[PDB]
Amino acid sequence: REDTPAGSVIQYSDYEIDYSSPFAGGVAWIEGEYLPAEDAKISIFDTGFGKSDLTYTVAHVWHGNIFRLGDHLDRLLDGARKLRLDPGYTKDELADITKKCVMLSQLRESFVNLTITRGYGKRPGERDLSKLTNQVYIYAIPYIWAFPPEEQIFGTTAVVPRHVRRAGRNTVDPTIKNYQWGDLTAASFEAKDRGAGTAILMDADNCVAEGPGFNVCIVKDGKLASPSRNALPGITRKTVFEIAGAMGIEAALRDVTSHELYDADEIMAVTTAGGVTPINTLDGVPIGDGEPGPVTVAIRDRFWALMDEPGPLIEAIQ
């Protein structure tokens, strides 16, 4: 755990881990073996390294509840299929290994990763895709924040990069979650150099794409919009649209132009790693009053209440 704002909707669990188990605090599952995370190593010759030839997903565990594991496995497996990767495990088999990683970890708040790689052959530097055995790697480790708890509650700041744009769907395709962060990293660097929390990247046509590890939603005239084309089909975004529909807020996946981002009444980053993050400022200009907007507060607070409501989560049997 770490500090969250007092009385805010984000609070870690009160519990102590039994460290007599060497799995305590973090677990990896690799080449069919459960390992302490600090022991988790892969072949340097996995073409998931050499070619970043792989897809992944991340799911969070909050108050011992893993959130939308099924929706996560469905997007993982659909992406795997598109890349011609084969986990060699069923959805239900991967669910049980994931859940057992969390259980061994004893973590009630956990960042959880499933990665499917093209893998390695019998020989180092085997090139025939046909001779490479695809690898599944899973791990469960302490909760990770794209933005700190206090920014979740009080908001962060963004810039649109001067020097970077998002890779297009016809290049390094962002519609399949991948580890190819060349643009996303350069954009994070540009945001830190300019003293800003994060970056919102544009596509080739000056429509919003996404940010380094999150989707973007804007609110204008009480209506929500998130980019349809050059962005990951996020599960936090999916959750946010379900929330909005329940609240009677119109929510469209469509092209959001550069004009629309700069003219927004609210902007938010949505992601598995910390949920809903208000963006108070864009290029050093406040959005609305420069404090988290009211649709972003309502959806963020609703998001975190979901994590204690039996329904679309499952308690880890710790």
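Residue numbers here begin at 1 and follow the sequence given.
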property: 30-38 set against 54-62, stretch whose average Cα temperature factor tops the other in the entry; result: 30-38
property: Mean temperature factor over C-alpha atoms, higher-scoring stretch between 245-253 and 263-271; result: 245-253
property: Top Cα B factor in the deposited entry, candidates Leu232, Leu132, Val216, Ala196; result: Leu132
property: Residue with highest C-alpha B-factor in the PDB entry, from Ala140, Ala158, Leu184, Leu85; result: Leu85
property: Chain-relative CA temperature factor third for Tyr179; result: lowest
property: Record-listed C-alpha B factor of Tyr120: chain third; result: highest
property: Third of the chain, ranked by Cα B-factor, where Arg162 sits; result: lowest
property: Relative C-alpha B-factor of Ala146, binned into the chain's lowest, middle or highest third; result: middle
property: Lowest, middle or highest third - CA B-factor, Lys238; result: lowest
